[PDB]
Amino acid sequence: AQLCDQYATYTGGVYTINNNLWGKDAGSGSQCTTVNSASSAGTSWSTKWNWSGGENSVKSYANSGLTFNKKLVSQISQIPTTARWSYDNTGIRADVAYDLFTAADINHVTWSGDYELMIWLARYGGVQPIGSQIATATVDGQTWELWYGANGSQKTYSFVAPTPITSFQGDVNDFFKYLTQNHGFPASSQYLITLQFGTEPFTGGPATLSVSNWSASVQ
């Protein structure tokens, strides 16, 4: 079965695939996510959507999320991850992104945090992260735009690739180390509680994100 409903979900091994149409009331449209495979090594899935209205509101974040042992960011050694994906229609206003949450309480709900770390592998149509650009950051020898904004109790750092990274390999912990070292991130008192990869559509379509593989571990 496709996952078409707002919070339709599938779990396989340590990967959970969510349609997660959290912003569906902000516009008009539809979106269904298909799971291809999910094992202990990785997952493959796709999502297809069309959205209009609410030009600057995210409509959804269909994603694959990892089940892992939650732990303080200061005790993470590495978060090796790969993401191989493509969009068929790039004439859209959307991002492709990792989404991570941390909190001071390990038992915080997993859909929000004290902090949110996003890693945008792609930006289409000029859509912008939460907040404003505060820096240009070098991480693992690649340059990223670094944005910061806050909404209520949630503070969001977003690292943005200058060109789409359709075959990503990296260590997400490099980004936490960057924030710890350069932006006073409180690593020794924040637990990593969520690690996801997916796409945020604003407008456009029909368009399909095909994720040929996503793999992650928190070690």
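From 1 onward, residues are counted along the sequence shown.
Undergrad: Decide which of the stretches 161 to 169 and 44 to 52 has the higher mean C-alpha B-factor, going by the entry.
TA: Result: 161 to 169.
Undergrad: So 61 to 69 or 23 to 31, which one's hotter by mean CA B-factor in the entry?
TA: Higher mean C-alpha B-factor: 23 to 31.
Undergrad: Could you check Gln190, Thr156, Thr194, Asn182 and tell me which one carries the biggest Cα B-factor in the deposited entry?
TA: Of the candidates given, the C-alpha B-factor peaks at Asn182.
Undergrad: By the CA temperature factor listed in this entry, which of these ranks top: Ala137, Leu117, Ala94, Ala83?
TA: Of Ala137, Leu117, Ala94, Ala83, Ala137 has the highest C-alpha B-factor.
Undergrad: With respect to C-alpha B-factor, does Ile130 fall in the lowest, middle or highest third of the chain as deposited?
TA: According to the entry, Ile130 has a C-alpha B-factor in the chain's highest third.
Undergrad: Could you say whether, by C-alpha temperature factor, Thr143 belongs to the lowest, middle or highest third of its chain?
TA: Highest third.
Undergrad: Where does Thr90 sit by CA temperature factor within its chain: lowest, middle or highest third?
TA: As the PDB entry reports it, the C-alpha B-factor of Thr90 lands in the highest third of its chain.
Undergrad: By its CA B factor, does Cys4 count among the lowest, middle or highest third of the modelled residues in the chain?
TA: Its C-alpha B-factor, which the entry lists for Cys4, ranks in the middle third among residues of this chain.
Undergrad: Select lowest, middle or highest to describe the third in which the CA B-factor of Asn213 falls within its chain in this entry.
TA: Middle third - that is where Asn213 ends up once the chain's C-alpha B-factors are sorted.
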